[PDB]
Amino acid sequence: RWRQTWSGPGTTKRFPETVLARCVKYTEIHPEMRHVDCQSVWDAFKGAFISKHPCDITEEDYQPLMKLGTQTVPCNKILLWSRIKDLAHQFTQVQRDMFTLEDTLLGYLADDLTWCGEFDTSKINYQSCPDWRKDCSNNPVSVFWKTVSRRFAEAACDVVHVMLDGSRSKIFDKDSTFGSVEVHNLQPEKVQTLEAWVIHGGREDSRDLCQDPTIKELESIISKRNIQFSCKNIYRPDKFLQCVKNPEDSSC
């Protein structure tokens, strides 16, 4: 229509088919997640938001999905990221040791998709979904990501890495998912160091972005959780990926 109920994009075309297909592929690739029934997962996921008002979703709504999507990941190999999506995933596509949330079953199913239902009916709304800013915070997509991102951060131990976009303006932004949920769910009992990799834009010869005021902020915040802080510039992200793909050979 010309009006729409909400300000955000509607459910992604082919959402149900896409989620199911992502689950078959994932559980096919990963030997640990081979016990999972992808139809059961879909039913659990749909159950969280179908016939529910899309401004009144809770983390409780996603409990059935979280249960079915339970996955042990090596706690010391987690890669968090903020606003530098492409390079973070290119990295874990080549360095199969480190994992982002989108490399877990639940993150993989949901990545880049939008979904919402209706309080009015049992249908999926393909026309519009609540915008976190203009409409309401407690919507199906926002609540999903808050819940899974908290649980992922809680799982981390030892040295946790985070890729940050050095071209942003707030390189560390306290209002990002990284800054507002994940930083505040790293467990002091478990996490030894948070190490940031600050990815430079282009150009070439830049400042040491590890001295940026927002990085000092992040450093002092995580200090309260009794977590040590490390920071590295990645001045040349292209050479960096090349080095990840071809380890050894002196250039790297």
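Here the rigid core means the biggest group of C-alpha atoms that line up within 1.5 Å when the two forms are laid on top of each other. A residue's number is simply how far along the shown sequence it sits, counting from 1.
Superposing each structure in 4 other deposited structures of this protein on the rigid core shows that the farther-lying of 93-101 and 129-137, by root-mean-square Cα distance, is 93-101. Each structure in 4 other deposited structures of this protein is fitted to the shown form on the rigid core, and of 200-208 and 38-46 the C-alphas lie farther away on average for 200-208. For the segment pair 29-37 and 179-187, the entry gives 29-37 the higher mean B-factor, averaged over Cα atoms. In this entry, the higher average B-factor at the C-alpha atoms falls on 198-206, of the pair 198-206 and 211-219. Note on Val94, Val159, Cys116, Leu80: the highest value goes to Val94, judged by CA B factor as recorded. Compared with the other modelled residues of the chain, the Cα B-factor recorded for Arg168 ranks in the highest third. Ranked against the other modelled residues of its chain, the C-alpha B-factor of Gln192 as given in the entry falls in the lowest third. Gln242: CA B factor in the highest third of modelled residues in this chain (values from the PDB entry).
Ranked within its chain, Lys123 lands in the lowest third, by CA B factor from the PDB record. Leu101 sits in the middle third of its chain by CA B factor, as recorded in the PDB entry.
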